[PDB]
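S.K.: this one is an experimental structure. Sequence first:
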Amino acid sequence: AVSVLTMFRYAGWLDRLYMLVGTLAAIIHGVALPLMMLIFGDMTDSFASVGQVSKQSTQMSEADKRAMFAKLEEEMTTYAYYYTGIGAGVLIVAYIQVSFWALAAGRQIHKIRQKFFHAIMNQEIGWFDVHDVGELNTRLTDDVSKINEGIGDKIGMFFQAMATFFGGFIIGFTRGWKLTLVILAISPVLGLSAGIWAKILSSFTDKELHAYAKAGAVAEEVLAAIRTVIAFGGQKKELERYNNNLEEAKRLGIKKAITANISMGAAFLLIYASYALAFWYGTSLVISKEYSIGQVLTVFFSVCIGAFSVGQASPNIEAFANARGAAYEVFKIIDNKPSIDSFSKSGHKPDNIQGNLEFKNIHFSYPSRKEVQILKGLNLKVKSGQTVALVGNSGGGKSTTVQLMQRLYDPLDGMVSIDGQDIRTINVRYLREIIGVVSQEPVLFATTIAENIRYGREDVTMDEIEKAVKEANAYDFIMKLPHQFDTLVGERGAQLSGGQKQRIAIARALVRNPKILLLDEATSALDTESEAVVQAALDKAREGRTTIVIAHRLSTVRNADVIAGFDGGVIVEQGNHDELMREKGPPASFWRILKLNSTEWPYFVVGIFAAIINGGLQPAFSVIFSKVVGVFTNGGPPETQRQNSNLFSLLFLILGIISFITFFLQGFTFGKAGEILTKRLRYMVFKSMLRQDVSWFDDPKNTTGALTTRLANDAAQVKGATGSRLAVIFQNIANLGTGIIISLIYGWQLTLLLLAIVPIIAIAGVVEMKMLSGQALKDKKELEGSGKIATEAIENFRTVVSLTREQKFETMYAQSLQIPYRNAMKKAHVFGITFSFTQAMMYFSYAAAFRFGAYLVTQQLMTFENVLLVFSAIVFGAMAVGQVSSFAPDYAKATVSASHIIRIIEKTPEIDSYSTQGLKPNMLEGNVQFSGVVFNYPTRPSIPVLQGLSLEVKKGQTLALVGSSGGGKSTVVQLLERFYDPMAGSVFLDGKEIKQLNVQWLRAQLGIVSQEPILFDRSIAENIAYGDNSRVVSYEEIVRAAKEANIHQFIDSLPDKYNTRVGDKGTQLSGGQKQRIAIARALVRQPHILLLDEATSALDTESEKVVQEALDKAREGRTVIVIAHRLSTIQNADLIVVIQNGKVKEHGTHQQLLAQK
Ligand SMILES: C[C@@H]1NC(=O)c2csc(n2)[C@H](CSSc2ccc([N+](=O)[O-])cc2[N+](=O)[O-])NC(=O)c2csc(n2)[C@H](C)NC(=O)c2csc1n2
Ligand SMILES: CC(C)CCC[C@@H](C)[C@H]1CC[C@H]2[C@@H]3CC=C4C[C@@H](OC(=O)CCC(=O)O)CC[C@]4(C)[C@H]3CC[C@]12C
Ligand SMILES: CC(C)CCC[C@@H](C)[C@H]1CC[C@H]2[C@@H]3CC=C4C[C@@H](OC(=O)CCC(=O)O)CC[C@]4(C)[C@H]3CC[C@]12C
Ligand SMILES: CC(C)CCC[C@@H](C)[C@H]1CC[C@H]2[C@@H]3CC=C4C[C@@H](OC(=O)CCC(=O)O)CC[C@]4(C)[C@H]3CC[C@]12C
Ligand SMILES: CC(C)CCC[C@@H](C)[C@H]1CC[C@H]2[C@@H]3CC=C4C[C@@H](OC(=O)CCC(=O)O)CC[C@]4(C)[C@H]3CC[C@]12C
Ligand SMILES: CC(C)CCC[C@@H](C)[C@H]1CC[C@H]2[C@@H]3CC=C4C[C@@H](OC(=O)CCC(=O)O)CC[C@]4(C)[C@H]3CC[C@]12C
Ligand SMILES: *SC[C@@H]1NC(=O)c2csc(n2)[C@H](C)NC(=O)c2csc(n2)[C@H](C)NC(=O)c2csc1n2
């Protein structure tokens, strides 16, 4: 499924030179940094040699030194020259690498995309029938971008990474071969620890995801069943179920958070212990007078940077692997030789042809469905100038003879010859342009009528092509509205009708001046008004050349003189009609609202204290590191070096263990707070949504899938704005402020210099990221601009290949892609320049910092201990701040947008939902006066409905209404339980307005039955118990409801009824019994008034009688309102009054029998 080192197969000599120079620059830039460490080591050795000042006899003599301080000055001047030279070299080389690699990638991608479109627009139609279209286009858009990203940036930087790895290891083995081995021994431990912690975290995350998805099942269930849940008024039970299920997800997320934070703690402890071991074993050697402090530093740093690089070049291999995976398919689409080329110039040129088509034993079956044999041989011959008509159900599926005419497929064992010569030898393009074909649905292109006609053949003299357009149905529909020119017809803009689309397609076909014409479904589902003109145009085109017509309409059949119509694959004679039946027939959150939401003010003091401690440790690390270097640079008594070294190594170890315990505690408290916040947010969001109203649920913006994703994968992001985003800011301040205060105390000069320089590189990186993101957005904009013509061409491939215009779309694609070709190159150059400037600023800042430090030391202001402390507390503090900011769950987004969205959902208005504001009368007469009411759906108010209704209900009534279930035109049943709020018409129940009535009381008296009885995973007995939600639930009434609904005989099988859950579609229930238990659940509440509807029950044809008897018993027991399209049920209905828009108030028989069929 991959292909290695064939990608560059499309690379020219210039591209190969670009790649070679880029690789050389990557090698040089990778080797640069170990040389930086070597020069730093020599610098430290020189300072240690000069600043020893251990001789008290010469401490004052000769004005102290003032002679070899000049040597130090000269050595530091030449080292500053080394630093600035390597900086300039990197400044050139980084650009030479990135710009050249990205230019080569851009050229390769442009060639790949252009020739890939050329190849895909070359394959035969059968390939398109076998494969898909949407996935194919998304492949065109996505795989090319994957290849670009990979074989540009990532292969550009992988060579840098390996060059740094080799350079660092050569430096180490060259200078400190004793220390390098022990550093090599301790290095894999960090990687192994990281890997094992990552594996544990991944396992915990997967377990938590499954445990929560167990709850997500019921989350999705009672939101897809939201209508039934609201109607039955039992949201409390689902709230309880969701809380119980989330009780486990919270507990597993606790372990996940603990694992992640203790993983980071171990990652810090191992690093600190590595520093401890390295400097312990280096100090021992230095005291043994083997290695100098410079030789320890330049070897340790070189080895660690080498290991870091070889570990950091994982993504540049992952991206290359992904690019290879995409490139395999992209390349297999190319190089695929088609049976029909339509591009090769091979083929004889017959001129002055007649067109005596013929067919002899044409066997063909669609490769999409090879098992089904459509065509089983035909024998037929025609003469030029004689039209042939085919009549039947379809032309072999759908105009199979038409499809095979233009080489769109390949016949099996069949032979066809236009003039005695097989169509295999003739040129494909020549055959295509001598055959005219009109589609049943004439697709056009989002372009003017001028070019739409131009795509007929060669756009020639515009006056000549207009004269070609001068056929019938012109001069009226082409000038009045179309402004005589530049119509720009398309789905979007200047949209026309099929009556004119067919005519313009016919005009386009006549422009080509075909020799043989094919007609297929000229007026397939077209309006009869547009008829009798398109037929006239077709006839006047027919009088010229031979044509074959297949159409359902009999008018063209009559018009045609010769008719060989048949069906079933068996040929029938031409000319006569014998034995041919002819029946006529969102704003950003303020971030204090989130903290107020996280009301647990405990669990945060401990976290803040731990974060402050951990942030303050890194400056203490810099202090101890500076002291370690100072022990040898500004050395004193040789016998105290051992004690100082042991103390400082023990200090590293103590710092490591205290940092590890700091993350243990901080992670415990912050993860606990985050998980409890997530559980609270999920519970409250579910409560708010179940309180929410039917109108809000019906809003198509709140699609159930997106809503469930918001409940699941968005309510857990807020963990990243009150948690990590509170810990990281305090850690960063306790790091940087503590570093800068110590720097100000000791080396305020160098402190100000470095604190003025560091913001420059910081803002340079920030602006680099901004401009890169902006350029990527713009490039995606033009890429989608090209993708519109790409998809417009690919979607209508059948038509564009039926027409001979094939290279036109390739040329248009090239023209559309030309601009992104230059945009990519300009973006590549900009990225190269900014990368080179950021690296050059880093190295030049390093050089200037040590040059100023050397000046100050020569001036005898601060020692090298202080210089190194200030430097390593200002720069390495900022780098650690950047790393800690990077290691955060993204406060910018994923957290900021999700948090505000769910805050809006939580603070949503309550639209006539459950509340204490309600009247609950103790009597219920069961009378509703549904008259003088008008209502429109809030989701689609543009279509006014439900106008002029007068209804009256009494006790024992069996009111039967007729309303369209399509679009829910009969929404009276919906309005009864206040699914929607009436705007003008008032409804009075028992002489009381429902507005003052309690919503729960109203919904506790309405036995509604839906069309499709959606079912939960709950057992059958408790499903029946669902009727009496928020009421007394017990047993031996479910049995009574079952007896009433006549389900006892069916539930005799597995009579337990308690474990018979319909889970996994287990214990399956068919439609009839599911409806029967739906009415059972309606009845178990024992409501005074019932609503019913039966739509698909009539499909059962067996349970109809049982469900009708159950409904009969229910309605004789109590008043029932029925609305259904089934006239059979109402025929049965007895005490009824048909009403339609208030027009009828009695039996259909009583007035005109409009009600009866
Ligand atoms: C988890 C993650 N780590 C890194 O992103 C990272 C990459 S590099 C590195 N750290 C070097 C060692 S390099 S690890 C190592 C250590 C030893 C050896 N070896 O050859 O023995 C090799 C390697 N190696 O694989 O490169 N770190 C230092 O110099 C150093 C001194 S204080 C300090 N870090 C503080 C405690 N950490 C942070 O502020 C911080 C924030 S986020 C984070 N760390
Ligand atoms: C060692 C340092 C100090 C001197 C660096 C010299 C470079 C400026 C040279 C080295 C190899 C050269 C290149 C070698 C080959 C070409 C191919 C050539 O590609 C084209 O044909 C595009 C022409 C166009 O602009 O239309 C453009 C210049 C380039 C990259 C050369 C430009 C300049 C390069 C990078
Ligand atoms: C000033 C020189 C001696 C030292 C520094 C070298 C690089 C910083 C510059 C100088 C000349 C530049 C080249 C001059 C001209 C071109 C052609 C131009 O590309 C094109 O117009 C077409 C390239 C293609 O698509 O093949 C941009 C890249 C390139 C190679 C440039 C790449 C970057 C180069 C090598
Ligand atoms: C990261 C994993 C894979 C290995 C980490 C090893 C470190 C945790 C060990 C290795 C050597 C140890 C050091 C070896 C010797 C000493 C001296 C000793 O300290 C003293 O004060 C004793 C002085 C003396 O009696 O000589 C004990 C602690 C210390 C710093 C040890 C601290 C812990 C170190 C750095
Ligand atoms: C006399 C001494 C004590 C003066 C101390 C100066 C402090 C009051 C200033 C100097 C630099 C500031 C820091 C510069 C950088 C940042 C930005 C920010 O760090 C981030 O990475 C934020 C990331 C994000 O939330 O997007 C948090 C505050 C912090 C640490 C600042 C906290 C306040 C600091 C330490
Ligand atoms: C546009 C971006 C990449 C910033 C570019 C900055 C560099 C051009 C500057 C910043 C700091 C400068 C350095 C700061 C201090 C010194 C010491 C200074 O003194 C000498 O070396 C003495 C020279 C003499 O008199 O012979 C001049 C060179 C050097 C390395 C400077 C070289 C030029 C550097 C690298
Ligand atoms: S060790 C690999 C490489 N390290 C250096 O380049 C380097 C030279 S000096 C030095 N690090 C001092 C000892 N480092 C710090 O003070 C320090 C504090 S925080 C920090 N470094 C962050 C964690 N470092 C990195 O992310 C990092 C990437 S490569 C690298 N260090």
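M.R.: Cool, got the structure. Numbering: from 1, shown residues only. Ligands and ions are numbered 1, 2, ... in the order given.
S.K.: now stretch 1095-1107: buried residues?
M.R.: 1097, 1100, 1103-1104, 1106-1107 (16 or more other CB atoms under 10 Å). For the C-beta atoms, the positions are set from N, CA and C on the backbone; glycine is no exception.
S.K.: give the contact list for residue 889.
M.R.: If you count contacts by CB atoms under 8 Å, 6 or more residues apart in numbering, residue 889 has them with 717, 719-720, 724-725, 895.
S.K.: where does it land in three-state SS?
M.R.: Three-state secondary structure (criterion: DSSP: H, G, I helix; E, B strand; the rest coil) places residue 889 in coil.
S.K.: also the one 4 residues further on?
M.R.: Following three-state DSSP, we place residue 893 in the helix state.
S.K.: hmm, back to that, nearest to ligand 5, of the buried residues of stretch 1095-1107?
M.R.: Of all the buried residues of stretch 1095-1107, ligand 5 sits closest to residue 1097, with 60.8 Å by CB to the nearest ligand atom.
S.K.: wait, that closest one sits on residue 1071?
M.R.: Yes - with the criterion set as CB atoms under 8 Å, residue 1097 and residue 1071 qualify as a contacting pair; they are 6.9 Å apart.
S.K.: now list whatever residues contact both of those two.
M.R.: Shared contacts of residue 1097 and residue 1071, defined by CB under 8 Å, 6+ apart, comprise residue 1103.
S.K.: now render the contacts of residue 889 as TSV, adding secondary structure and distance to residue 643.
M.R.: TSV is the format used below for the contacts of residue 889 (DSSP: H, G, I helix; E, B strand; the rest coil; distance: CB to CB, whole Å):
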residue	secondary structure	distance to residue 643
717	helix	52
719	helix	47
720	helix	47
724	helix	41
725	helix	44
895	helix	50
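S.K.: any idea how far the residue in the stretch 251-400 of the chain positioned nearest to ligand 7 lies from residue 882?
M.R.: Scanning the stretch 251-400 of the chain for proximity to ligand 7 using CB to the nearest ligand atom identifies residue 304 as nearest, at 3.3 Å. Residue 304 sits 18 Å away from residue 882, going by CB to CB, to the nearest Å.
S.K.: what's the spacing between the closest residue to residue 778 other than its chain neighbours and residue 782?
M.R.: What sits nearest to residue 778 in space, not counting adjacent residues and going by CB to CB, 6 or more residues apart in numbering, is residue 823, at 7.1 Å. Between residue 823 and residue 782 the distance, using CB to CB, works out to 6 Å.
S.K.: ok, back up a step: in helices only, show me the buried residues of stretch 1095-1107.
M.R.: Secondary structure assignment by DSSP state H places 1104, 1106-1107 of the buried residues of stretch 1095-1107 in helices.
S.K.: so how many other residues sit close to residue 894?
M.R.: Residue neighbour count, defined by other CB atoms under 10 Å, stands at 15 for residue 894.
S.K.: wait, it touches residue 719, no?
M.R.: No - the pair residue 894 / residue 719 is not scored as a contact, 10.4 Å apart, by CB under 8 Å.
S.K.: near ligand 6 at all, stretch 831-842?
M.R.: Yes - counting by CB under 6 Å from any ligand atom, contacts between stretch 831-842 and ligand 6 involve 837, 840-841.
S.K.: how about that stretch: buried residues?
M.R.: Of the residues in stretch 831-842, those buried (16+ other CB under 10 Å) are 831-837, 839-842.
S.K.: in strands, which of the residues you listed fall?
M.R.: When strands are assigned by DSSP state E, not one member of the buried residues of stretch 831-842 lies inside them.
S.K.: what's the closest of those residues to ligand 4?
M.R.: Each of the buried residues of stretch 831-842 was scored against ligand 4 by CB to the nearest ligand atom, and residue 842 proved nearest at 29.5 Å.
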